[PDB]
>>> print(open('query10.txt').read())   # compact mmCIF, C-alpha atoms
# COMPACT_ATOMS: atom_id res chain seq x y z
CA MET A 1 -260.39 -38.58 4.14
CA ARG A 2 -257.40 -40.60 5.25
CA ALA A 3 -256.49 -43.53 3.03
CA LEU A 4 -255.80 -46.69 5.03
CA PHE A 5 -254.29 -49.87 3.62
CA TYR A 6 -256.03 -53.19 4.18
CA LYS A 7 -254.71 -56.69 4.67
CA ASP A 8 -256.32 -59.73 6.26
CA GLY A 9 -258.72 -57.74 8.45
CA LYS A 10 -256.14 -55.30 9.71
CA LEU A 11 -255.49 -51.72 8.76
CA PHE A 12 -252.21 -49.86 8.17
CA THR A 13 -251.10 -46.31 7.31
CA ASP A 14 -248.61 -47.53 4.68
CA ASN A 15 -248.99 -49.69 1.58
CA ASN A 16 -246.38 -52.19 2.81
CA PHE A 17 -248.40 -53.00 5.96
CA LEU A 18 -245.54 -52.19 8.38
CA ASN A 19 -247.25 -49.47 10.44
CA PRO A 20 -250.50 -50.74 12.04
CA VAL A 21 -253.24 -48.23 12.66
CA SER A 22 -254.39 -47.97 16.34
CA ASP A 23 -256.83 -50.77 17.34
CA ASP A 24 -259.51 -48.15 18.12
CA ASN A 25 -259.36 -46.72 14.60
CA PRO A 26 -262.94 -45.81 13.47
CA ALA A 27 -262.61 -47.81 10.24
CA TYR A 28 -262.59 -51.11 12.22
CA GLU A 29 -266.31 -50.47 12.82
CA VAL A 30 -266.80 -50.02 9.06
CA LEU A 31 -264.90 -53.30 8.52
CA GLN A 32 -267.15 -55.18 10.93
CA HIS A 33 -270.03 -54.43 8.59
CA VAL A 34 -268.41 -54.31 5.15
CA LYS A 35 -267.01 -57.33 3.28
CA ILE A 36 -263.93 -56.73 1.13
CA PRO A 37 -263.95 -58.95 -1.98
CA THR A 38 -260.95 -61.35 -1.73
CA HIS A 39 -259.99 -60.97 -5.39
CA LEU A 40 -259.18 -57.26 -5.02
CA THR A 41 -255.60 -56.06 -4.42
CA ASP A 42 -254.35 -52.58 -3.37
CA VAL A 43 -257.35 -52.12 -1.14
CA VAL A 44 -257.77 -48.66 0.35
CA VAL A 45 -260.31 -48.12 3.17
CA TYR A 46 -261.18 -44.66 4.25
CA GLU A 47 -260.72 -43.65 7.88
CA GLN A 48 -264.26 -42.79 8.99
CA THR A 49 -266.93 -44.13 11.32
CA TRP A 50 -269.58 -46.67 10.24
CA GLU A 51 -272.15 -43.81 10.51
CA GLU A 52 -270.08 -41.66 8.13
CA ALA A 53 -269.54 -44.64 5.78
CA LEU A 54 -273.29 -45.20 5.25
CA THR A 55 -273.53 -42.33 2.69
CA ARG A 56 -270.00 -42.28 1.33
CA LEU A 57 -267.25 -44.05 -0.60
CA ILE A 58 -266.01 -46.79 1.74
CA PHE A 59 -263.20 -48.55 -0.07
CA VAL A 60 -261.48 -48.99 -3.42
CA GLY A 61 -259.48 -51.87 -4.79
CA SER A 62 -257.93 -53.16 -8.01
CA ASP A 63 -259.46 -56.07 -9.80
CA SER A 64 -257.37 -58.73 -11.70
CA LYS A 65 -257.24 -56.41 -14.75
CA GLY A 66 -255.64 -53.68 -12.65
CA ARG A 67 -258.84 -51.57 -12.84
CA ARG A 68 -259.96 -49.65 -9.68
CA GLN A 69 -263.41 -50.61 -8.34
CA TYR A 70 -265.17 -48.21 -5.97
CA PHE A 71 -267.54 -49.28 -3.16
CA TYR A 72 -270.10 -47.03 -1.52
CA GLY A 73 -272.32 -47.21 1.56
CA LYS A 74 -275.87 -48.60 1.65
CA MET A 75 -277.37 -45.10 1.87
CA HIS A 76 -275.20 -43.60 -0.86
CA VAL A 77 -277.09 -42.98 -4.10
>>> encode(input="query10.txt", output="structure tokens")
Amino acid sequence: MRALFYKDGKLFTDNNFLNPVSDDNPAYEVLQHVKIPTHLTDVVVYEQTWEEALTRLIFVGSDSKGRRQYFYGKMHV
């Protein structure tokens, strides 16, 4: 799954946030439903639909200790 970069509600294909993803990107639906904790940095959101996200890994970010924290859908185990 494609790794998208997140910043202030918007999504980008690069980690520097210079190339915006198309406004109809499927992940915007996922973002309407999923809250991204504000303390995380280096947030990666997978390009998939909200339906697909329900049972899968949705996003990953780095906490203040530089450790990666994974976040899964409501119907994931």
>>> closest_residue(input="query10.txt", among="A:3, A:18, A:75, A:53", to="residue A:32", atoms="only C-alpha atoms")
A:53
>>> closest_residue(input="query10.txt", among="A:45, A:40, A:27, A:54", to="residue A:67", atoms="all atoms listed in the file")
A:40
>>> closest_residue(input="query10.txt", among="A:66, A:73, A:26, A:9", to="residue A:39", atoms="only C-alpha atoms")
A:66
>>> closest_residue(input="query10.txt", among="A:74, A:51, A:61, A:4", to="residue A:22", atoms="only C-alpha atoms")
A:4
>>> closest_residue(input="query10.txt", among="A:59, A:72, A:6, A:50", to="residue A:30", atoms="all atoms listed in the file")
A:50
>>> atom_distance(input="query10.txt", atom1="atom CA of residue A:76", atom2="atom CA of residue A:62")
21.0 Å
>>> closest_residue(input="query10.txt", among="A:38, A:49, A:28, A:43", to="residue A:68", atoms="all atoms listed in the file")
A:43
>>> axis_aligned_box(input="query10.txt", around="stretch 5-23 of chain A", padding_each_side="3 Å", output="JSON")
{"center_x": -252.1, "center_y": -53.0, "center_z": 9.5, "size_x": 19.2, "size_y": 19.4, "size_z": 21.8}
>>> atom_distance(input="query10.txt", atom1="atom CA of residue A:42", atom2="atom CA of residue A:20")
16.0 Å
>>> residues_around(input="query10.txt", residues="residue A:5", least_positions_apart="4", cutoff="7 Å", atoms="only C-alpha atoms", output="JSON, numbers by chain")
{"A": [11, 12, 13, 14, 15, 43, 44, 45]}
>>> atom_distance(input="query10.txt", atom1="atom CA of residue A:55", atom2="atom CA of residue A:16")
28.9 Å
